Amino acid sequence: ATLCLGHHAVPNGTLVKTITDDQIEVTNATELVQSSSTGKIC
Amino acid sequence: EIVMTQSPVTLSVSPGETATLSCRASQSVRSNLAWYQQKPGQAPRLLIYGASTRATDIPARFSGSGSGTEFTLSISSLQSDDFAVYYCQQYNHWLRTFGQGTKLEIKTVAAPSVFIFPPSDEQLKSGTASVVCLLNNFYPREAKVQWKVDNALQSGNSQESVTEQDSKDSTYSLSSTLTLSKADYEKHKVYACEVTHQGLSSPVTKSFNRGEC
Amino acid sequence: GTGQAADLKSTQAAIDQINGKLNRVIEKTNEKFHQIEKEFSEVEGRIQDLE
Amino acid sequence: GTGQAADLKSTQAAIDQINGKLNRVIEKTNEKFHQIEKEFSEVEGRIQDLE
Amino acid sequence: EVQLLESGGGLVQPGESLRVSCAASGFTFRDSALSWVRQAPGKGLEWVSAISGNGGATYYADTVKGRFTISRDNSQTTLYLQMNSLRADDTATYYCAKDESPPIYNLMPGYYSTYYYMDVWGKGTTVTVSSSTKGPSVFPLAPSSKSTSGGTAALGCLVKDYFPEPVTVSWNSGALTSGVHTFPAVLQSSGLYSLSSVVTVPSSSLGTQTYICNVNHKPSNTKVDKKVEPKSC
Ligand SMILES: *[C@@H]1O[C@H](CO)[C@@H](O)[C@H](O)[C@H]1NC(C)=O
């Protein structure tokens with residue numbers, strides 16, 4: 001019998017910045033800089 | 001995997017004026033960015049590397065700047081020999097990419113010296129006679145060339161051949177080759193090249209009768 | 001007998017990491033032109049103490 | 001035959017760590033109201049350079 | 001002197017293999033990186049691959065990720081590039097380019113510094129991937145009317161139907177260079193290129209000088225030296 005261990009993977013992943021790599025593919029990421037605006041003051 | 005877009009595709013700048021180029025790049029890039037001057041019929045030559053640091057023994061009129069996304073290249077004092085195409089590369093994605101390319105023009109509006117050439121006897125015997133019209137020395141590159149055979153316009157049988165801008169007189173040259181069959185050539189009498197240029201007061205047309213020099 | 005040989009891939013993997021952060025530390029230095037005065041000639045008080 | 005099954009405990013521990021720093025990153029953290037002026041209409045001299 | 005010379009290339013059928021050499025001569029001690037960059041006439045530059053030290057690259061573009069493989073022979077100081085499973089769009093002028101990095105990077109002298117800019121470019125080798133090697137038929141172009149313009153006359157040579165590029169053309173074995181205009185090749189409806197070379201000389205030399213063309217097409221080894229005489233009236 002064989003028992004393989006592995007992690008999950010997505011077909012399309014976001015690129016993030018790290019200490020060593022500038023463009024490294026990860027399964028999921030979120031944006032921390034708010035760049036869009038509604039244009040109207042609530 | 002990191003596209004480079006230069007703007008515009010081609011620019012016209014008078015000799016002496018400063019020509020600013022653009023190298024917009026998706027995703028951040030700052031450490032490595034190299035500009036090149038590929039003259040027609042020659043290999044590219046390094047101008048600037050990094051962003052602003054110019055290559056060894058290159059003129060000081062080539063200036064470089066930019067950060068992260070937007071990059072510019074300005075040629076201070078322009079010379080007639082700068083009619084080359086310019087490119088920009090990037091780091092890194094372990095995969096360097098080049099730019100699309102920016103064609104640089106120089107500049108007086110020159111008049112096209114139209115010349116017509118009947119098909120030679122050796123080409124008439126082959127079975128396909130192609131008439132050639134020459135537009136030697138003219139500026140700018142824009143030239144509307146039309147083939148009129150027996151007072152009738154012929155389209156789909158002509159191919160426009162344009163040379164690069166000259167390194168000295170800075171004038172282009174255009175050639176159109178109207179390909180037709182052996183019987184299709186003898187079918188008509190007069191062959192005229194309706195040439196209209198930007199700096200042309202009246203449409204200059206050079207023609208010749210079939211069977212007469 | 002006895003021999004010695006280095007592994008290129010493991011050494012390259014370490015160099016690729018360090019060169020990546022070496023780029024991260026010297027990248028895009030700030031460009032400042034007309035700023036404030038930082039060395040002063042005589043006493044000015046409120047504005048000078050804040051500068 | 002051949003099958004596949006995930007481990008809930010091993011993934012939950014990784015999910016807890018990421019959500020832990022996810023919460024560490026975003027927060028109300030600061031609430032600012034009346035501050036200084038950053039955009040100016042005309043030249044003012046020294047104080048404009050400091051602001 | 002840091003020039004390198006690219007040898008090889010030529011015409012190949014799609015699906016075949018071909019390796020291009022790059023004799024790295026001069027200042028390059030060949031502990032520095034090297035790269036290949038291809039460009040098709042009518043298109044811009046495109047980085048292909050890179051090599052470093054020994055087997056540190058392993059750096060190929062996504063277009064050739066599964067086709068091209070880069071070799072390095074430091075004993076004979078030559079860089080290679082085995083281009084397998086060639087497709088139609090692989091037709092380009094493959095340039096072998098030096099690679100330089102900022103001195104802060106490249107810790108160990110041999111290994112790869114992941115930030116390179118190419119400084120010294122090579123002469124380049126043209127590789128054409130298509131399907132036919134036709135010899136060009138040269139037809140002269142004679143002046144008509146009366147001295148073409150009246151003061152200065154014009155004449156031309158035609159290089160119709162040939163494959164592939166390029167074709168070398170000169171006038172009077174290279175003695176005539178002033179006023180010569182060699183036009184670029186234009187692929188016709190049949191798929192064969194067509195070239196024309198014209199020269200404008202004063203009408204005072206219409207009869208006293210015999211003008212000959214020097215059409216040379218090494219791919220098919222067809223070299224015609226056609227005589228250009230006025231359309232005798
Ligand atoms: C140290 O690293 C620098 C690059 O930052 C390199 O130029 C130098 O040769 C290295 N020296 C030693 C002794 O490793």
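Using ideal geometry, Cβ is built from the backbone for each residue, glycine included, and neighbour counts are taken over all protein chains shown. All of the numbers you see were taken from the coordinates with simple rules; none came from a lab.
Lone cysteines in the protein assembly as shown, defined as no other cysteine's Cβ under 4.7 Å from theirs: which are they?
A:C4, A:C42
Which net charge results for the neighbourhood of E:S32, defined as the other residues with beta-carbon distances under 12 angstrom from its beta-carbon, given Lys and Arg at +1 and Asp and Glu at -1? Present the calculation step by step, with values, prior to reporting the outcome.
On the way: positive: E:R30, E:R72, E:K98; negative: E:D31, E:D99, E:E100, E:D119.
Residues close to E:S32 contribute a combined charge of -1.
For segment E:17-141, taking Cα atoms only, what is the radius of gyration to one decimal and the Dmax to the nearest whole Å?
16.5, 63
In degrees, nearest 10, range 0 to 90: what is the angle between the Cα axis of helix D:8-25 and the longest Cα principal axis of chain D?
Once rounded, one gets 10 degrees.
Enter the Cα centre distance for the pair segment B:50-88 and segment D:29-51, rounded to the nearest angstrom.
Answer, in whole Å: 37.
So which GluC sites (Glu not before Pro) in segment E:1-97 pass both tests, a DSSP loop state and at most 12 other Cβ atoms within 10 Å of the Cβ?
Details: sites: E:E1, E:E6, E:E16, E:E46; in loops: E:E1, E:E16.
Passing sites in segment E:1-97 are E:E1, E:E16.
Counting helices only, and only those DSSP H runs with n ≥ 4, report the 222 nm mean residue ellipticity of the protein assembly as shown as the sum of -39,500 (n - 2.57) divided by its residues, in deg cm²/dmol to the nearest 500.
Roughly -3000 deg cm²/dmol at 222 nm, from the helical runs in the protein assembly as shown.
Can I get the semi-axes of segment B:1-108's equivalent ellipsoid? Compute them from the C-alpha gyration tensor as square roots of 5 times the eigenvalues, in angstrom, largest first.
Gyration-tensor ellipsoid for segment B:1-108: 23, 14, 13 Å.
Taking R0 as 25 Å, what FRET efficiency do you get between B:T53 and B:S77 from their Cβ-Cβ distance, rounded to the nearest 0.05?
Numbers: r = 20 Å, r/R0 = 0.80.
In this case the efficiency is close to 0.80.
Report the FRET efficiency, 1/(1 + (r/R0)^6), for C:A14 and D:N19, where r is their Cβ-Cβ distance and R0 is 30 Å, rounded to 0.05.
For C:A14 and D:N19, the calculated efficiency is 0.40.
Where a Cα-Cα gap under 19 Å defines reach, which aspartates and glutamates qualify for B:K182, not counting those fewer than 8 residues away within the same chain?
Candidates past the 8-residue exclusion: B:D121, B:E122, B:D150, B:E212, E:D161.
Based only on other Cβ atoms within 10 Å, what is the fewest-to-most ordering of D:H34, B:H93? Working shown, then result.
Working: D:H34 4, B:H93 16.
Ordered from fewest to most neighbouring Cβ atoms within 10 Å, D:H34, B:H93 come out as D:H34, B:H93.
May I ask you to derive the FRET efficiency for E:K223 and E:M108 from their Cβ-Cβ distance with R0 = 45 Å, giving the value to the nearest 0.05?
Efficiency for this residue pair is about 0.30.
Projected area of the protein assembly as shown, taken from the Cα convex hull and averaged over every viewing direction, in nm²?
47.0 nm²
Can you order the peptides B:30-40, C:7-17 by their average number of other Cβ atoms within 10 Å per residue, highest first?
Ranked from most to least packed, the peptides come out as B:30-40, C:7-17.
With respect to the cross-link table entries B:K107/B:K148; E:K134/E:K218; C:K9/E:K98, which display a Cα-Cα separation exceeding 20 Å? Intermediate values should be presented prior to the final figure.
Numbers: B:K107/B:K148 32 Å; E:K134/E:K218 11 Å; C:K9/E:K98 23 Å.
Flagged as over cut-off: B:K107/B:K148; C:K9/E:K98.
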